[PDB]
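Read the structure below first, then the notes.
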Amino acid sequence: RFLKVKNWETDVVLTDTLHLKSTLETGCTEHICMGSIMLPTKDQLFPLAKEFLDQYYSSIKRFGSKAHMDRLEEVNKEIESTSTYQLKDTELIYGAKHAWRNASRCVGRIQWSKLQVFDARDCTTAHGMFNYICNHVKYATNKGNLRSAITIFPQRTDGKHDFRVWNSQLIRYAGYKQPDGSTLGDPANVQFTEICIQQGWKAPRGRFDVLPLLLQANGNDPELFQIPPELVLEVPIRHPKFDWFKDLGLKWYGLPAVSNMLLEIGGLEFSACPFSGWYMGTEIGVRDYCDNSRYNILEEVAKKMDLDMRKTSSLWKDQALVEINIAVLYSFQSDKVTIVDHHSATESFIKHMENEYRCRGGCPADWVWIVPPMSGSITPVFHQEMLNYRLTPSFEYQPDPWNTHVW
Amino acid sequence: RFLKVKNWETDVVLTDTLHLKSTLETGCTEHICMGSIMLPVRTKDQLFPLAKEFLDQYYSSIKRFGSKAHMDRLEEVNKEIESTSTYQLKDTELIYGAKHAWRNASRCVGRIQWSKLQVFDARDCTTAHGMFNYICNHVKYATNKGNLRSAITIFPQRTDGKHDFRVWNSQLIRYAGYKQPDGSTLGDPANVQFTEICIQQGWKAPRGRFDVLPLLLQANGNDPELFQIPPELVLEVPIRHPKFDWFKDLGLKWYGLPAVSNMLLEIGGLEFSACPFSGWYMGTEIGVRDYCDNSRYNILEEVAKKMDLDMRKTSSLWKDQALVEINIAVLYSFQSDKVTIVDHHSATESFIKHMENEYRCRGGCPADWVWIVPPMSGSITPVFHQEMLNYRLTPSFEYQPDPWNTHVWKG
Ligand code: HEM
Ligand code: HEM
Ligand SMILES: CNCc1cccc(OCc2ccc3c(C)cc(N)nc3c2)c1
Ligand SMILES: CNCc1cccc(OCc2ccc3c(C)cc(N)nc3c2)c1
Ligand SMILES: C[C@H](O)[C@H](O)[C@H]1CNc2nc(N)[nH]c(=O)c2N1
Ligand SMILES: C[C@H](O)[C@H](O)[C@H]1CNc2nc(N)[nH]c(=O)c2N1
Ligand SMILES: [Zn+2]
């Protein structure tokens with residue numbers, strides 16, 4: 001029950017004890033592994049509060065101190081009275097950083113302690129939310145020198161007063177379904193693009209139209225806001241060898257900022273907590289550009305390369321995939337917009353695993369997500385055994401708002 | 001209890017009932033997933049239900065469940081167990097067992113082929129020389145002048161664990177590896193330990209970069225003996241690239257016949273510790289892992305140099321670019337020499353169709369995503385976007401310790 005993990009490229013073996021602190025469940029059993037499945041009250045709240053506070057006061061070397069006990073007492077009192085409780089600023093910041101630390105699917109976690117936390121808990125309106133989000137975006141973008149950030153809106157109370165950002169990312173391109181049958185723009189967003197238009201948005205019906213924010217404060221109907229264009233940094237995608245590449249018409253945004261997840265700290269639920277870092281190249285070039293149910297540009301790019309697309313065994317798809325990802329990295333780098341290639345990021349993650357095993361006793365990690373979608377085994381994480389388990393505080397998935405919202 | 005998996009590229013949803021038949025354990029708990037851990041003397045006591053479960057499966061597949069033939073067989077095995085503490089499989093049962101072991105192999109992407117398996121019954125074998133003869137015929141049959149045929153050769157089952165048959169080679173055909181005094185390795189670094197054993201056992205090593213290893217064969221618990229596969233039986237392929245003529249000069253070749261010989265076949269509780277099986281290669285097995293793993297031949301550097309790529313920063317993706325050409329060259333060379341092979345696109349597409357079929361005719365298809373997804377270009381193959389359920393069915397192929405670690409030396 002003190003588990004070992006082996007790197008089969010380097011024979012390095014790490015011992016994991018951290019997993020015994022795990023509370024939440026995996027979806028696996030001794031009879032069946034679900035490792036590749038995408039999505040598996042007052043009395044409830046105080047153990048959760050206590051556990052979080054216990055680990056917080058341990059992290060600041062004040063375990064079993066007056067200040068510890070006093071706070072445990074104080075929150076315990078407050079839970080009894082208000083049926084909920086509030087996080088001290090210090091606890092908020094700790095919780096946020098540690099949620100990221102504990103994100104078993106994030107390869108970028110070597111950066112986990114350098115997170116900028118924006119406390120938006122005083123927010124009351126969608127316009128307010130828009131202002132906080134604009135400041136987030138401007139701060140994180142930093143004229144291309146990106147900085148990790150999170151903006152935390154008021155915690156859930158009775159589920160009828162939820163703060164939600166309806167967009168899946170703060171910045172995403174619209175998706176429209178043509179009469180001719182195909183799809184213009186990003187097919188991942190067709191349903192949301194509809195709901196935007198279905199709510200008032202006037203679409204340019206272009207291929208790369210930045211979606212409007214759809215913001216929901218205190219459980220009210222969500223409101224549309226347009227992000228100032230000057231705050232949305234975009235990178236024109238060109239190849240460093242192929243001059244025809246610019247003519248493909250491709251660009252992407254610099255800021256990956258996920259906005260549909262739920263942040264859980266000490267049992268408190270933050271349904272609206274958009275957070276952002278910077279991209280790994282493959283996220284755009286492999287997934288966003290070449291996934292079949294996305295921009296799926298593979299065929300057109302290969303045709304420009306004049307490859308033998310007759311037989312699959314020419315690996316033309318593979319060739320094109322590489323070149324596309326070469327371009328993406330090259331474009332960002334050229335415009336001094338922060339980006340990391342999958343070799344650099346996976347090497348960082350191994351060093352980070354080392355650090356976490358050494359200073360924390362382990363690092364929960366989901367091999368199925370950590371290994372990049374291209375060139376898997378020539379990255380170090382492929383040969384790295386990983387233990388997946390769920391630590392708290394955490395980022396969790398939550399239902400799409402339109403399925404839930406009582407209009 | 002029913003269970004659903006979803007393809008996120010196609011939104012196809014499948015329902016698994018087959019996982020209910022699963023007996024063996026996964027390594028996982030509700031509190032931990034061991035899904036990426038590589039590897040997570042049996043008495044009459046526990047053997048009969050294992051026999052009964054197998055025979056129940058067997059007679060179901062032949063639509064004779066509860067027939068007199070079924071019951072008599074059950075009776076027959078029962079008595080034979082308590083009388084002799086083990087039992088023998090019929091030919092039909094052995095063939096069924098082998099095919100289903102492959103069908104149940106959740107880490108194998110090539111199972112669309114599972115029903116076309118040539119089973120060679122080598123249970124009458126008694127000596128290493130007899131093992132060598134059987135293995136020779138396997139290789140010739142399977143190789144078929146390049147038109148590869150799946151085959152498995154099954155040697156006598158374990159009895160008291162003190163008389164095991166084992167093939168000490170991990171594969172029937174593999175290249176030697178030699179550690180040099182300067183710390184570099186000549187040949188295949190994956191086979192250095194086993195090469196050393198062979199040398200110690202009296203093998204005279206040519207000491208080149210592609211020396212086919214001798215067979216080291218153990219019959220009936222005896223010390224293993226060395227044998228050289230006749231070269232004319234070992235089909236090899238010079239690796240060249242269709243556009244890069246300097247590629248031939250890298251000096252690479254590979255053997256055509258992937259034949260794994262270190263695994264254990266379990267059927268109805270019986271253990272077959274020597275059961276070499278072979279198919280044909282998926283290109284990436286050679287082009288990605290065998291050539292480009294840092295701990296293998298590791299040719300990325302030389303290939304990248306020869307292509308004149310910007311090798312100064314990794315963000316140039318010179319590694320990725322070289323990987324692709326190398327895998328192109330492997331496919332090109334094999335197809336040119338009419339030696340059976342399959343690229344990762346074809347094989348993954350076939351697996352999805354197989355898997356879908358298995359869900360409909362069988363109620364499930366256990367699959368290990370970590371192993372099924374190819375080691376390059378993962379997300380542009382359709383298995384990447386496919387949710388999979390991993391669980392263990394019998395008959396099965398199992399890992400077993402390396403024999404040099406467990407063997408009692410007679411002298
Ligand atoms: C700073 C650079 C960062 C990099 C390079 C990075 C990289 C990645 C990548 C490649 C994924 C795979 C996601 C996918 O394929 O869709 C991922 C997932 C994830 N990241 Fe990170 N990330 C970074 C920062 C952050 C930050 C600041 C947070 C939170 C504060 C975060 C939280 C997460 C979470 C929760 C997931 C999993 C989401 C899910 O389960 O769907 N990341 N990350
Ligand atoms: C006929 C063409 C076949 C193809 C293309 C194929 C393909 C593969 C590949 C690519 C792997 C992963 C190999 C690795 O990365 O080490 C694998 C694993 C495996 N294959 Fe197949 N295979 C074939 C035939 C067979 C046959 C005939 C058997 C047995 C009768 C078999 C049983 C297995 C087993 C048990 C594994 C898992 C090995 C392990 O757990 O370490 N395969 N196969
Ligand atoms: C579509 N894949 C499932 C899914 C659902 C919800 C959010 C998802 O986002 C993944 C994600 C989240 C955060 C990221 C951050 C902060 C940076 C980054 N480079 N990539 C990320 C990637 C993915
Ligand atoms: C050292 N890698 C783990 C390992 C240990 C023992 C056997 C292993 O076999 C993988 C395997 C087994 C059978 C294969 C067959 C029959 C065909 C094929 N193309 N590849 C195979 C690949 C792998
Ligand atoms: C750590 C990890 O389980 C290990 O490297 C696995 C990953 N997936 C694999 N998949 C295949 N097909 N072959 C392998 O050898 C491995 N190795
Ligand atoms: C079905 C499968 O689990 C699904 O495609 C996963 C696989 N691994 C992934 N890995 C990352 N980083 N991102 C993803 O969206 C996925 N999708
Ligand atoms: Zn699992």
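Here, A, B, ... name the chains of the structure tokens in the order displayed, residue numbers run from 1 inside each chain, and ligands are numbered from 1 in the same displayed order.
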Checklist entry - If you run DSSP on the backbone, which residues of stretch 167-354 of chain B are alpha helix (DSSP H), as a PyMOL selection string? => result chain B and resi 192-200+283-284+291-292+300-306+318-336+344-354
Checklist entry - Per DSSP on the backbone, what are the strand (DSSP E) residues of stretch 39-205 of chain B, as a PyMOL selection string? => result chain B and resi 118-121+151-154+166-167+177-179+185-187
Checklist entry - Using only C-alpha atoms and all ligand atoms, which protein or nucleic acid residues are at most 8 Å from ligand 6, as a PyMOL selection string? => result (chain A and resi 35-38+105-106+283+368-373) or (chain B and resi 6-8+369+379+383-388)
Next on the checklist: To one decimal place in Å, what is the distance between atom CA of residue A:85 and atom CA of residue A:62?
Outcome noted: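 Those two atoms sit 21.4 Å apart.
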Checklist entry - If you count only C-alpha atoms and all ligand atoms, which residues end up within 7 Å of ligand 5, as an MDAnalysis selection string? => result (chainID A and resid 7:8 382:386) or (chainID B and resid 36:38 370:375)
Can you write just those residues out, C-alpha atoms, as a PDB file, in the first residue's frame?
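result.pdb was written with the following content:
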```pdb
ATOM      1  CA  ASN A   7      10.301   4.835 -15.336  1.00  0.00           C
ATOM      2  CA  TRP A   8      11.141   2.151 -17.921  1.00  0.00           C
ATOM      3  CA  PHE A 382       5.420   7.724 -22.101  1.00  0.00           C
ATOM      4  CA  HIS A 383       7.874   5.447 -20.318  1.00  0.00           C
ATOM      5  CA  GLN A 384       6.861   6.843 -16.945  1.00  0.00           C
ATOM      6  CA  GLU A 385       4.450   4.851 -14.830  1.00  0.00           C
ATOM      7  CA  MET A 386       1.906   7.115 -13.108  1.00  0.00           C
TER       8      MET A 386
ATOM      9  CA  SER B  36      -0.370   2.802 -16.608  1.00  0.00           C
ATOM     10  CA  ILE B  37       1.585   0.369 -14.452  1.00  0.00           C
ATOM     11  CA  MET B  38       3.254  -2.098 -16.863  1.00  0.00           C
ATOM     12  CA  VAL B 370      -2.505   2.907 -22.722  1.00  0.00           C
ATOM     13  CA  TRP B 371      -1.309   0.092 -24.992  1.00  0.00           C
ATOM     14  CA  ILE B 372      -3.804   0.251 -27.861  1.00  0.00           C
ATOM     15  CA  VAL B 373      -2.989   3.854 -28.835  1.00  0.00           C
ATOM     16  CA  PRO B 374       0.107   3.883 -31.116  1.00  0.00           C
ATOM     17  CA  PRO B 375       3.417   5.472 -29.904  1.00  0.00           C
TER      18      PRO B 375
END
```
Next on the checklist: What's around residue B:342 at 8 Å? Count only C-alpha atoms, leave out sequence neighbours fewer than 2 positions away in its own chain, and write the answer as a PyMOL selection string.
Outcome noted: (chain A and resi 313) or (chain B and resi 280-283+331+340+344+346-347)
